[PDB]
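Working notes for the structure below.
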Amino acid sequence: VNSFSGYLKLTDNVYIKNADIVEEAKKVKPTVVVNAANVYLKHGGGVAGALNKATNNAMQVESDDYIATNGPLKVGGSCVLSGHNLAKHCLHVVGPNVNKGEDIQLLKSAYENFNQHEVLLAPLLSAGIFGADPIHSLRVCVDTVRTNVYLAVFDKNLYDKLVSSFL
Ligand SMILES: O=C(O)CC[C@@H]1CCCN(c2ncnc3[nH]c4cc(F)ccc4c23)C1
């Protein structure tokens, strides 16, 4: 038993809710919140900009030190950093950005990072400003992640579409 509430169950291990991931993180304090990161951990907009704003820019400060030490992430890769006031940990995961021409097949590699964590609160990778089809992203999530994932979908119209079209 865990503290996530109001989710619709899609599969044995995948759950979905119309929610603002920032507010969901603030209430649940999950062990892991996933950020829709880029390779530079520049949290300017989308989910990343919202998560970072909610940390009063502490996420960005920590991220800049990470990059200065380690260099950029790989597309499809991840790193674990602090969850600040939102979660114990933040798993920064880089899905391919279609608006940069990155290979959508890397989306599966991106979701594989979730399997290193037993339970996660997450957005749909490569959705939103990353330019992928959120329905495809949901399919890859379901077919790749084996651990327990609670997906927050900010847009109510999109949430309803994802549910109604789910196979
Ligand atoms: O850009 C991509 O391709 C993938 C990232 C997606 C796209 C944008 C919507 N989305 C979210 N998902 C869950 N909660 C959210 N709160 C938010 C608050 C904001 F100010 C902006 C986005 C979100 C958001 C993240």
Side-chain angles (χ1 to χ4, degrees), residues 3-8 10 14-60 63 72-79 81 83-87 89-114 117 119-142 144-145 148-163 165-166:
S3 158
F4 288 105
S5 181
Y7 286 76
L8 176 66
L10 293 174
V14 178
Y15 294 79
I16 194 165
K17 184 187 184 175
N18 174 215
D20 185 338
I21 192 172
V22 170
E23 278 319 298
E24 185 80 1
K26 280 199 289 190
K27 145 181 135 43
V28 174
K29 284 301 225 83
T31 304
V32 180
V33 66
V34 174
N35 181 32
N38 57 54
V39 297
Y40 307 110
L41 302 179
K42 285 172 57 102
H43 310 302
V47 169
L51 290 170
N52 175 60
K53 179 179 176 184
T55 76
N56 182 46
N57 211 50
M59 178 181 284
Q60 190 64 67
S63 292
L73 295 182
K74 298 170 181 181
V75 180
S78 70
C79 67
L81 291 172
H84 300 278
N85 53 316
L86 304 177
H89 301 110
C90 180
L91 180 70
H92 295 273
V93 180
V94 184
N97 190 325
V98 175
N99 305 315
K100 302 172 175 179
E102 294 166 353
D103 166 26
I104 194 63
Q105 301 295 137
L106 289 168
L107 186 55
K108 188 171 183 77
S109 302
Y111 275 117
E112 287 171 342
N113 296 286
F114 290 24
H117 302 277
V119 182
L120 316 86
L121 171 63
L124 284 170
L125 298 180
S126 295
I129 67 175
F130 280 63
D133 176 4
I135 298 179
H136 176 65
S137 182
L138 179 56
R139 186 76 256 164
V140 179
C141 181
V142 157
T144 305
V145 181
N148 293 144
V149 57
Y150 289 83
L151 294 169
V153 177
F154 180 56
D155 189 70
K156 173 57 161 156
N157 188 294
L158 175 59
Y159 169 85
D160 286 347
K161 182 196 191 113
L162 286 168
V163 169
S165 60
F166 183 70

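Whatever order the structure lists them in is the order used to number ligands and atoms, beginning at 1. Note that the numbering runs from 1 along the sequence shown for the chain.
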Looking at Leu41, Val94, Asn113, which hits side-chain contact (heavy atoms from CB on, under 4.5 Å) with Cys79?
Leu41
Of all residues at least two apart in sequence or in a different chain, which pass the side-chain contact (heavy atoms from CB on, under 4.5 Å) check with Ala110?
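Result, side-chain contact (heavy atoms from CB on, under 4.5 Å) vs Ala110: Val93, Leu125.
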Check side-chain hydrogen bond (donor to acceptor under 3.5 Å, both in side chains) between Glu23 and all other residues, then give those that pass, not counting sequence neighbours.
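Scan of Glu23 (side-chain hydrogen bond (donor to acceptor under 3.5 Å, both in side chains), adjacent residues dropped) gives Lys26.
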Could you check ligand 1 for N or O atoms lying under 3.5 Å from protein N or O atoms and list the pairs with distances?
unit_1, atom_1, unit_2, atom_2, d
ligand 1, 1 (O), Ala127, O, 2.3
ligand 1, 1 (O), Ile129, N, 2.5
ligand 1, 1 (O), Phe130, N, 2.6
ligand 1, 3 (O), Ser126, O, 3.0
ligand 1, 3 (O), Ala127, N, 3.0
ligand 1, 3 (O), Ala127, O, 1.2
ligand 1, 3 (O), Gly128, N, 3.4
ligand 1, 3 (O), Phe130, N, 2.4
ligand 1, 14 (N), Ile21, N, 3.3
ligand 1, 16 (N), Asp20, OD1, 3.4

Which pairs with one or both residues in residues 90-107 pass side chain to side chain donor-acceptor pair (under 3.5 Å), sequence neighbours excluded?
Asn35-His92
If you define the side chain from C-beta out and look only at heavy atoms, does anything of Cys90 sit under 4.5 Å from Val32?
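Counting from C-beta outward, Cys90 and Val32 never come under 4.5 Å.
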Just wondering, more than 12 heavy atoms not from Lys27 lying within 6.0 Å of its NZ?
yes
